[PDB]
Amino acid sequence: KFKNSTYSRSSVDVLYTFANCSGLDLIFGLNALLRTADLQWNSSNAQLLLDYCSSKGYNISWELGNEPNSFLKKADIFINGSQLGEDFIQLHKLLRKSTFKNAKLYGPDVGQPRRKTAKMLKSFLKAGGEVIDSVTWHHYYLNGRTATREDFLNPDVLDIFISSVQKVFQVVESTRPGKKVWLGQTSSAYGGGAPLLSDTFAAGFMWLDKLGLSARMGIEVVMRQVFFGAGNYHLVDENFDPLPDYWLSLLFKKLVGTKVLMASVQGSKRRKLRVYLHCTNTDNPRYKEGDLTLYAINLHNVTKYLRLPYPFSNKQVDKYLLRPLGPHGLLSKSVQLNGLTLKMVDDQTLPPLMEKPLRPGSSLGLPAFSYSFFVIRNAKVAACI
């Protein structure tokens, strides 16, 4: 199914300028299937690209290969993890000889840790782990061809992610202890996404839960597949319109800080009411050092009312509750924040993200099949100062 294609300097420029103008840091995956007669990586084409990018002053980070666990199926070539590690060492030497001698290198972008994938990741980290700056792996919950609505709302499906994360850390701690672990490509469902689901409000339960679990478990960076493109799991559709997961992602960015904390629900039902706690993002002008950001997912079919523990019970709380714009309910491509439809002011202007201040001491209402952020003002948490 997959054929070789070429790309131009123009294409490289289009990509870099997009990233640069947008304040994003570009990571470029190099082709690992360029092989010598003895199945060593042939670095000649990469050398051409590195030189070009250095010639243009492009500050770029690098990867080599995507899902090398699948190379036999995709290209009838098997590359073992030991060889891949050597290939990475060879790329690292090229970077060290380039104009950006300190450029970062990530890999190996393996799929989620089945027996054979875990084996490949282990042998890769043993061989090449010294030259990678973070370990990258990928995750999807479901096949987009067969995924159901029901699956997108099922805690038993959401929970499978926990075991994948545990298995990756088990490999990493046995080979390269303390190395940073990144989700290098992830979404709800593979095969380009689940039609009519992966681009809707319903997609947000998986996305927000994955973010919460990733942060809580030690994953440092989560790369959402995709910002824009052909698959259903895009954040922005082919008309350049943002979908509900874009607005969810923007709110997360604005409200959720780097320091991860913990929340849990008493009585120990851990299933349908899912809660996460970080310090509030210190770049948000509205809030101050010490504030907390709670986020919560309600997969029950009734509203739940959450009570904050001492010493936060009477604090002013700002609610940021997301619900779909009708008539398509959870299958809507439009979302409202605290009852206001989210939409661009114009092509140059995101809207303000308006809070709903709650009555101090009130329980936090979370409707059925919904998710919300809650900022606890003047929380004065020392860990967050």
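Residue numbers run from 1 along the displayed sequence.
*Asks:* Which has the higher mean CA temperature factor in the PDB entry, 260-268 or 290-298?
*Replies:* The stretch with the larger average C-alpha B-factor is 260-268.
*Asks:* Can you tell me which stretch has the higher mean Cα B-factor, 225-233 or 88-96?
*Replies:* Stretch with the greater average CA B-factor: 88-96.
*Asks:* Looking at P108, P244, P155, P285, which has the highest CA B-factor as recorded?
*Replies:* Top of the list by C-alpha B-factor: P285.
*Asks:* Can you pull the Cα B-factors for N338, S334, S54, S61 from the entry and say which is highest?
*Replies:* It is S54.
*Asks:* Taking only the Cα B-factors deposited for this chain, tell me whether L24 sits in the lowest, middle or highest third.
*Replies:* It belongs to the middle third of the chain when residues are ordered by C-alpha B-factor.
*Asks:* Which third of the chain does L364 land in by C-alpha B-factor: lowest, middle or highest?
*Replies:* Ranked within chain, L364 CA B lands in the middle tercile.
*Asks:* Could you say whether, by C-alpha temperature factor, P352 belongs to the lowest, middle or highest third of its chain?
*Replies:* Tercile = highest for this residue's CA B-factor.
*Asks:* Among all modelled residues of this chain, ranked by Cα B factor, put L50 in the bottom, middle or top third, i.e. lowest, middle or highest.
*Replies:* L50: CA B-factor falls in the highest third of its chain.
*Asks:* By its CA B factor, does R35 count among the lowest, middle or highest third of the modelled residues in the chain?
*Replies:* Highest third - that is where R35 ends up once the chain's C-alpha B-factors are sorted.
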